[PDB]
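**Student:** Got a structure for you, questions after.
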Amino acid sequence: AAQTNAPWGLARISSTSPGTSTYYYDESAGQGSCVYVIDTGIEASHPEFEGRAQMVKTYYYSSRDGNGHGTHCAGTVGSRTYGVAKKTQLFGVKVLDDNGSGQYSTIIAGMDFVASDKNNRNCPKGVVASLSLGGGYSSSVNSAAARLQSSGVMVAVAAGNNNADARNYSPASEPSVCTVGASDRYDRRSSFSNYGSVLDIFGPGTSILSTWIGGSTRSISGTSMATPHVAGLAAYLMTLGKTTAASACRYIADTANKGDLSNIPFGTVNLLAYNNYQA
Ligand SMILES: [Ca+2]
Ligand SMILES: [Ca+2]
Ligand SMILES: [Ca+2]
Ligand SMILES: [Ca+2]
């Protein structure tokens, strides 16, 4: 399948080169795989989710997405226009309030919710979680991402937008989960992108067009938008039976566009997410 005039990120994860704008993908498109978007929530009712999105959990008065952050990450995962896995099921888990922030105890409770909630969902192709959130190191938050991963969910986490080593951030610093750095359309490390030995992969991060609240669209930049690209890819690759929840991050890194990114700190992997799809 070929989506002409796609966002630059989708086009890049189906490309050996930068500078193309056609997303190529197997028409299976992650069907029968679930991606949990742990975030501000999702506006499930966006015409771009075609009813494949629903809120399954909140730790606030409303499960709505008043923020947009989580509606925009869900979108990069499995929206029809701006998604990687255009047929995946999206489960919104609102750990972040509409200001975009949350307590670490609530985020932990959300990760543990998914590790269990998956046993209440039809995900025959497997389960993915996209954590586009982060803060300082916390062995407690790391251990929650570890558990979620260990429960048989491919965990993709932002490195963090601090332009520092991700070793000092959670759940970015957790060795067992997929830590995603950000790249821009010219294959440069996004100026904001965290780096280090803990990083496993890069996704498109800078100027990422996706879904927004009010049934709208807008472009926003972060490791937070790299993550849903990787999250999406893992969903896609799992539905193709090309990898599993446990070994997805490794598989993505084995099959990645190597050496293609500039301004990658020595000792950080030079690996851009690649679907490796041949039309
Ligand atoms: Ca674009
Ligand atoms: Ca987000
Ligand atoms: Ca976002
Ligand atoms: Ca987002």
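The count begins at 1 with the first shown residue.
According to its header, this structure was worked out by electron crystallography, 2.8 Å.
In case you wondered, yes, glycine gets a Cβ from its N, Cα and C as well.
So Swiss-Prot lists the following for this protein:
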ACT_SITE  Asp39  active site, charge relay system
ACT_SITE  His69  active site, charge relay system
ACT_SITE  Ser224  active site, charge relay system
BINDING   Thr16, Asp260  Ca(2+) 2 binding site
BINDING   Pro175, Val177, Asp200  Ca(2+) 1 binding site
DISULFID  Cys34-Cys123  disulfide bond
DISULFID  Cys178-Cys249  disulfide bond
DOMAIN    7-279  domain 'Peptidase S8'
**Student:** Other Cβ atoms within 10 Å is the metric here; tell me which of the recorded positions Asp39, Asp200, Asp260 scores highest.
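**Tutor:** Answer returned by the neighbour count: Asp39.
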**Student:** Among the recorded positions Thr16, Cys34, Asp39, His69, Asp200, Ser224, report those whose Cα falls within 10 Å of that of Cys178 (disulfide bond); none is a fine answer.
**Tutor:** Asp200
**Student:** Do you see any of the recorded positions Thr16, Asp39, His69, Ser224 whose C-alpha is within 10 Å of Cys249 (disulfide bond), and which ones?
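**Tutor:** Taking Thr16, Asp39, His69, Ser224 one by one, none has a Cα falling within 10 Å of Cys249 (disulfide bond).
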**Student:** Measuring CA to CA, name the entry from the recorded positions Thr16, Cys34, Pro175, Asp200 that ends up nearest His69 (active site, charge relay system).
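**Tutor:** Among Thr16, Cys34, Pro175, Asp200, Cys34.
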**Student:** Just checking: which of the recorded positions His69, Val177, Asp200, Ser224 have a C-beta under 6 Å from ligand 3?
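**Tutor:** The recorded positions passing the 6 Å Cβ test are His69, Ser224.
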**Student:** Which one is it, among the recorded positions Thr16, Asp39, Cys123, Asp200, that lies nearest to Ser224 (active site, charge relay system) by Cα separation?
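**Tutor:** That would be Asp39, the closest of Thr16, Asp39, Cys123, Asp200 to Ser224 (active site, charge relay system).
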**Student:** Just checking: which of the recorded positions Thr16, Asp39, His69, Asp200, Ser224 have a C-beta under 6 Å from ligand 2?
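**Tutor:** If the test is a Cβ under 6 Å from any atom of ligand 2, the answer is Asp39, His69, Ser224.
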**Student:** Just to verify a number: CA distance, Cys123 (disulfide bond) to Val177 (Ca(2+) 1 binding site), in angstrom, no decimals.
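**Tutor:** If we compare the Cα positions of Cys123 (disulfide bond) and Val177 (Ca(2+) 1 binding site), the gap is 20 Å.
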